[PDB]
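Right, one structure below, let's go through it.
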Amino acid sequence: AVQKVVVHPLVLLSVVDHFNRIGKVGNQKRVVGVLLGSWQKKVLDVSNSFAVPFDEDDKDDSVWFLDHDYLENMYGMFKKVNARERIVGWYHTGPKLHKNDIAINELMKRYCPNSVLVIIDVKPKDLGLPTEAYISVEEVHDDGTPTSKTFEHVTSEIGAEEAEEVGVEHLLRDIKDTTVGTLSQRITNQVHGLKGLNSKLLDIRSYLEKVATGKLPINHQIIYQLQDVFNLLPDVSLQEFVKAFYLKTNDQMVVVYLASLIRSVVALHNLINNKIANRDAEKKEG
Amino acid sequence: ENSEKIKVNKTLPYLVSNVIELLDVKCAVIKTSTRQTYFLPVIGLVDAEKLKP
Amino acid sequence: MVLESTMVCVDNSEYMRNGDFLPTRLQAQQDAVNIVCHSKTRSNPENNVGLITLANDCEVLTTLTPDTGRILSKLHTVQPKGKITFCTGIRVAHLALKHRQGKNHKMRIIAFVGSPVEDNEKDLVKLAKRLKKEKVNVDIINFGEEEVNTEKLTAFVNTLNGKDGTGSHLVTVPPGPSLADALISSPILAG
Amino acid sequence: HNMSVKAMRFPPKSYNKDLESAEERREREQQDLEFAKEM
Amino acid sequence: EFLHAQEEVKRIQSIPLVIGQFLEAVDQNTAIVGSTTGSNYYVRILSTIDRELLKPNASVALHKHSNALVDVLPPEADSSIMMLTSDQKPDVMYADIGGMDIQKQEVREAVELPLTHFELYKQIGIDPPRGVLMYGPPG
Amino acid sequence: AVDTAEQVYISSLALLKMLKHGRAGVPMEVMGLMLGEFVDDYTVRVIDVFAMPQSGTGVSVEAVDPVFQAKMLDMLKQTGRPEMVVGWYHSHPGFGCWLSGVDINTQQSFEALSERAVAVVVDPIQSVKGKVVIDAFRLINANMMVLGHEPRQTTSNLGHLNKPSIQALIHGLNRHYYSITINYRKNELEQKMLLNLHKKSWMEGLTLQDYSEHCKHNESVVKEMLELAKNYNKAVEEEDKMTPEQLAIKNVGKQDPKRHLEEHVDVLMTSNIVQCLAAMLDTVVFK
Amino acid sequence: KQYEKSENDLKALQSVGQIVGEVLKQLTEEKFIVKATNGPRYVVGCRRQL
Amino acid sequence: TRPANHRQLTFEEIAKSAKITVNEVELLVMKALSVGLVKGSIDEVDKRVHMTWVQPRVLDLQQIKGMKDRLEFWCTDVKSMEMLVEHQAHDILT
Ligand SMILES: [Zn+2]
């Protein structure tokens with residue numbers, strides 16, 4: 001299907017504004033709308049979004065309303081302002097992927113035959129990216145239920161347009177990884193990556209709590225992947241692998257050695273260049 | 001409208017130019033008497049057929 | 001008049017396609033709406049109608065819209081197939097009122113019951129219970145020759161109008177081929 | 001290299017006040033041009 | 001904030017610019033450039049322009065309102081485009097020339113050979129010809 | 001009787017819409033309506049902005065369409081929250097920030113319906129990284145100038161903080177219209193959901209970047225220092241001569257090994273430090 | 001009937017001319033080198049739709 | 001059954017457990033690999049068969065508890081390597 005879905009900052013912001021605009025109830029309620037955007041070379045881009053009215057009682061989650069006329073009427077407005085953008089999917093806060101959001105996609109399947117739903121939290125206090133993009137994929141089997149239809153995840157990242165980036169960076173003026181070198185990498189990928197790995201691993205452990213207190217009767221497939229995960233663990237570091245590592249870890253140190261030595265020489269010449277400067281100035285002065 | 005129409009013409013000083021190519025993708029390309037070319041999208045207050053290159 | 005908004009609740013059950021009135025209970029339904037939607041309009045030149053299917057699940061065709069022709073045309077291609085889920089049907093119409101146009105329109109929904117109705121009472125009282133809480137009166141019209149007098153809705157409608165709550169009323173039709181015509185007059189007259 | 005930078009911050013001493021060309025000349029010229037620009 | 005003043009001075013670049021020409025640098029922070037409108041202007045160079053590109057006569061972009069170096073464009077041209085094969089190649093072999101070996105050899109030894117075997121000329125000591133005239137009867 | 005402390009707060013989101021629409025029609029002058037709420041007799045705050053369809057060819061803001069205005073306004077209310085049109089914005093591609101003759105004429109129309117309407121100009125080309133360039137404006141009455149009495153009745157040193165742009169001053173700045181200070185509202189939920197989201201990655205940290213290609217990159221870079229270093233020797237003897245300004249100008253046509261050599265060294269040390277470090281970090285995380 | 005015809009002319013008084021030149025090179029996606037066929041060489045942008 | 005560390009099934013150790021002669025186990029391993037059901041290589045010098053990936057199967061309720069152990073012993077190892085960098089790289093952060 002689609003390899004990845006890029007979400008522009010404007011759409012991200014128009015969803016936070018939507019929740020606060022209607023979230024006067026306070027306790028809890030999702031918010032659902034319709035996404036707009038365009039894609040090229042099998043890579044989706046989402047730029048604009050508008051709010052579609054949507055209500056649903058909590059009990060017996062098979063009741064909900066989405067205004068088709070509002071979707072059709074408003075899209076006539078957005079089409080006039082910008083013709084390039086056409087409906088591509090829908091969004092909803094829905095932190096936990098509520099169950100009823102598998103027949104809703106059928107409602108929006110009319111306007112976009114291959115639509116994607118992006119769940120974007122409005123109240124994020126976490127470390128991961130707050131944009132999960134799912135696509136509908138169909139396959140019926142004899143294990144789950146006679147009617148089988150499940151979402152498949154597509155990697156999503158926050159994009160940036162030339163005009164939006166100007167505003168986005170102006171709006172922050174709060175913190176930036178200035179001098180983006182060894183300092184940002186040691187923190188933007190190494191430490192953060194470990195944090196994510198732990199959380200995902202902890203997520204797996206939480207599900208495995210079913211061993212004692214069964215929640216679902218062994219999903220079967222989840223176990224299959226977990227078995228493959230363990231086999232894929234790098235082979236014990238005791239064989240010829242250890243020699244290969246040293247022959248490469250040390251090989252990288254020579255370049256570091258050479259780079260440092262060149263750095264010292266240039267640093268020493270720089271001090272000489274400056275030191276002779278003030279000595280010459282002082283000598284002439286007195 | 002005539003009051004507004006005369007207002008543009010009321011600026012009597014015109015800049016004589018020679019029509020270069022009466023393109024039909026009913027537009028006109030002119031060459032003012034200052035060695036400047038242009039692409040007037042709308043011909044203006046003149047017929048599109050009375051103007052020959 | 002009185003700035004009313006009605007949200008029609010159409011029926012398309014599989015046993016609803018038998019013609020015991022004249023052109024089967026599909027044209028009998030289509031003529032029935034025509035004599036109400038136009039009747040629903042023409043009093044206040046700002047009204048609103050919406051047709052909702054009572055098929056297996058949430059099936060809504062046209063939303064809150066002042067136009068009149070959309071509903072009629074949208075009624076076609078509504079060939080009946082399946083069972084009727086009344087209990088979860090009104091609530092869907094219920095939400096449509098909540099997300100309405102300018103809220104200064106009085107809210108009501110006329111029901112178009114039909115092929116054998118299914119309910120367990122008790123819950124129906126709760127179904128009528130909530131709607132009667134929030135400035136809502138429903139209009140279930142007995143039709144399709146359900147059990148005589150439909151003594152399951154009887155415990156339903158009275159709940160809304162209970163405590164001297166004058167409003168919409170249950171309307172029944174003879175099992176014989178009684179043409180729909182203006183026979184529907186209890187709600188339109190004064191309720 | 002760390003030591004080298006250690007002696008780098010000593011040399012700077014009273015070397016910041018260095019006007020490029022001048023101050024009065026630029027200001028006077030700008031004011032005259034602005035007055036004529038309006039009319 | 002230094003990183004913020006650097007990203008704020010770029011406003012002087014802007015889209016609408018007039019391509020000029022670099023003539024000579026008078027001192028650091030200043031230079032002499034020639035505008036395509038036809039003139040020679042004394043402008044001030046931006047403090048972020050890599051001076052390594054400030055070569056002899058080259059392409060430099062000047063601010064519209066007040067001429068001032070704001071970029072260094074890659075080399076280009078207007079009425080001279082290299083022949084990119086396609087249908088714009090001559091389509092004539094050396095075997096289609098009616099036996100002009102002596103003339104054919106001379107052009108080979110003065111144009112084609114130096115480009116390929118450049119290092120040989122230095123080794124022998126000859127100075128490669130720097131342009132060949134082709135004069136003769138009409139046809 | 002204005003208060004010369006208007007301080008039109010715009011948004012953390014209305015600005016992005018203004019810029020996106022401005023850049024979309026960069027050659028032309030797109031126009032739209034601002035949906036904000038008056039709060040004080042001293043401040044006017046905008047919350048949301050929606051665009052108006054372009055009439056067609058022509059770089060102008062000639063007129064607004066009444067029917068389109070109503071249709072969208074009557075449609076946003078039923079889902080969002082009611083808002084009243086407080087001003088209109090049109091994007092100047094690269095001219096600057098001011099009001100032209102047509103823009104002034106269109107502006108008095110809005111002021112007629114609403115007394116305190118605010119006109120905004122957004123420039124999508126001049127704004128680059130940290131400067132957005134808006135400079136919202138408003139009209140001054142011709143009667144006052146005929147009367148000669150200065151308007152805005154300044155009662156605080158708040159409006160005279162931004163020096164008017166000379167380009168804007170050439171036009172009817174402080175003559176046919178007066179600028180109003182513009183600031184922004186920012187909250188952590190907005191910021192944390194934008195700053196901590198824009199440039200991030202999920203798992204790229206523990207990726208060893210094509211170990212075969214890594215050393216090849218090192219060889220090419222290091223080999224460049226072999227020739228670069230040699231030119232460094234030739235760049236030290238001829239230096240430290242008379243007229244260093246002459247020396248300074250002498251480095252305007254030829255690569256300077258002093259800076260070029262350092263640039264390569266910087267990339268070399270970080271690439272291996274990161275690349276090497278991930279090697280040991282991975283060797284413990286996975287078995 | 002003539003009033004409608006006159007209105008058409010009034011709809012053309014707001015359309016201005018455009019300088020004519022030929023593209024020389026494409027520096028980037030939004031930057032071009034164009035020489036107006038009267039005078040100097042300019043680096044100018046490009047309309048998104050085009 | 002064998003832990004991933006050893007996985008050095010010898011030719012004899014396979015024939016005995018399947019009732020084949022030593023001079024025939026070779027066709028068995030290829031048959032398994034041909035279908036795509038196990039992955040590995042065959043070394044007919046020391047008479048060894050390497051296995052690297054046996055197709056996953058079902059684990060009723062006890063081998064899944066053991067799977068929990070291998071995640072606890074692994075989450076805690078990754079946890080330690082996180083604070084190690086965070087503590088010795090306090091200056092390089094934020
Ligand atoms: Zn304007």
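Think of each number as a place in line: the chain as shown, counted from 1.
So this one's electron microscopy, 2.9 Å, going by the header.
Every residue, even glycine, has its Cβ placed from backbone N, Cα and C.
Summarising the annotation, Swiss-Prot assigns domain 'MPN' to F:8-143 and lists sequence analysis as the type of evidence. Residues or ranges marked as motif 'JAMM motif' by Swiss-Prot: F:90-103. Positions annotated as Zn(2+) binding site by Swiss-Prot, on the basis of sequence analysis: F:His90, F:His92, F:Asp103. Annotation comment: Swiss-Prot describes F:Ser127, F:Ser201 as phosphoserine. Feature annotation from Swiss-Prot assigns phosphothreonine to F:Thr243.
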Return the member of F:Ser127, F:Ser201, F:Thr243 nearest to F:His90 (Zn(2+) binding site) in space, with distance defined Cα to Cα and candidates limited to these modified residues.
F:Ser127
State the count of C-beta atoms found within 10 angstroms of the C-beta of F:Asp103 (Zn(2+) binding site), not counting that atom itself.
23
Position of peak Cβ density within 10 Å, selected from the modified residues F:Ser201, F:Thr243:
F:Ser201
Filtered recorded positions, from F:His90, F:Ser127, F:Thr243, whose Cβ is under 6 Å from an atom of ligand 1:
F:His90
Closest to F:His92 (Zn(2+) binding site): which of the modified residues F:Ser127, F:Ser201, F:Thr243, going by Cα position?
F:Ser127
F:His90, F:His92 as binding-site residues, winner by CB count within 10 A:
F:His90
The motif 'JAMM motif' (F:90-103): which same-chain residues, six or more beyond its ends, come within Cβ distance under 8 Å?
18, 21-23, 25-32, 60-62, 119, 121-126, 133-135, 137, 139, 165, 167-168, 171-173, 176-177
Interface-adjacent recorded positions, chosen from F:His92, F:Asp103, F:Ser127, F:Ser201, F:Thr243 when a CB lies under 8 A of chain A:
F:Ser127, F:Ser201
Once F:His90, F:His92, F:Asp103 are set aside, which residues in the chain still have Cβ within 8 Å of the Cβ centroid of the Zn(2+) site?
F:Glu29, F:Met31, F:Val61, F:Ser91, F:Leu99, F:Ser100, F:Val121
Of all listed recorded positions, namely F:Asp103, F:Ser127, F:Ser201, F:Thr243, those lying near chain H with CB under 8 A:
none
Measuring Cα to Cα, how many angstrom lie between F:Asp103 (Zn(2+) binding site) and F:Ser127 (phosphoserine)?
21
So if I draw a 10 Å sphere around the Cβ of F:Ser127 (phosphoserine), how many other Cβ atoms end up inside it?
20
DSSP on the domain 'MPN' (F:8-143): how many residues come out helix, how many strand, how many coil?
37 helix, 34 strand, 65 coil
How long is the line from the C-alpha of the residue listed as 'phosphothreonine' to the C-alpha of F:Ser127 (phosphoserine), rounded to the nearest angstrom?
41
C-alpha spacing of F:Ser201 (phosphoserine) relative to F:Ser127 (phosphoserine), in angstrom:
28
